[PDB]
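S.K.: Structure provided below as structure tokens; questions to follow.
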Amino acid sequence: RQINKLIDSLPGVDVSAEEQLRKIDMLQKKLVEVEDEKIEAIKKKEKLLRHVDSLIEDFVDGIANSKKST
Amino acid sequence: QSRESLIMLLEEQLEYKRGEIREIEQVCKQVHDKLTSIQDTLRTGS
Amino acid sequence: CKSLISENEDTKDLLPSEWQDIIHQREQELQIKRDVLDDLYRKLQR
């Protein structure tokens, strides 16, 4: 009975390999778009990151020249 | 069975990269939420 | 009287523009803090 329950549980056991071929092809496609989307995601995250860095630098300069203003 | 091995490797790296991606937006969103909370806190202290 | 004056430095210090100078430095640091916090509020809202 483990033989029976393993032989029938093979995904693709009752699925013809050619629709696996299309599903795999479209999987690499949507993969291409998902790393693309990650490219825009990371570039705008870095953009906001160095906006934050610029405001950090401006605030630090303000602190420095304020506490040395007296 | 070579195609099946290709499939299984396919889903394992796909789910791994989805996990990495999702933790990336989770962490950046939590950092942004912390920044907004700090901004509100400093505005209240003004 | 003179003994009590002698042991306490604080009273002898108590015993006039410096206060105005301290007020000016406090208000200028307060206003620069307000300005930088306004800048942070404006920048972070994007």
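Chains as they are written, first to last, in full-length UniProt numbering: chain A, 71 to 140; chain B, 169 to 214; chain C, 101 to 115, 119 to 149.
For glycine and all other residues, C-beta sits at the position ideal for the given N, C-alpha and C.
#1: First and last residue of the alpha helix (DSSP H) that includes residue 116/C?
#2: Find the nearest neighbour of residue 182/B within the set 101/A, 90/A, 92/A, 93/A, judged by alpha-carbon distance.
#3: Given this structure, state the Cα-to-Cα distance separating residue 121/C from residue 211/B, to the nearest angstrom.
#4: At 7 Å on the CB atoms, spell out the chain A contacts of residue 135/C, in chain order.
#5: By the DSSP assignment, the alpha helix (DSSP H) with residue 85/A in it spans what residues?
#6: Of the choices 73/A, 111/A, 83/A, 129/A, whose alpha-carbon is the least far from that of residue 143/C?
#7: At a Cβ threshold of 8 Å, is residue 142/C touching chain A?
#8: How would you call residue 85/A, buried or exposed, if buried means at least 16 neighbouring beta carbons within 10 angstroms?
#9: Can you tell me whether residue 138/A is helix, strand or coil according to DSSP?
M.R.: On the basis of the coordinates in this document:
#1: No coordinates are present for residue 116/C, because the numbering of chain C runs from 115 directly to 119.
#2: 101/A
#3: 31 Å
#4: 132, 136
#5: Neither: residue 85/A is in no alpha helix (DSSP H) and is coded neither H nor E.
#6: 129/A
#7: yes
#8: exposed
#9: coil
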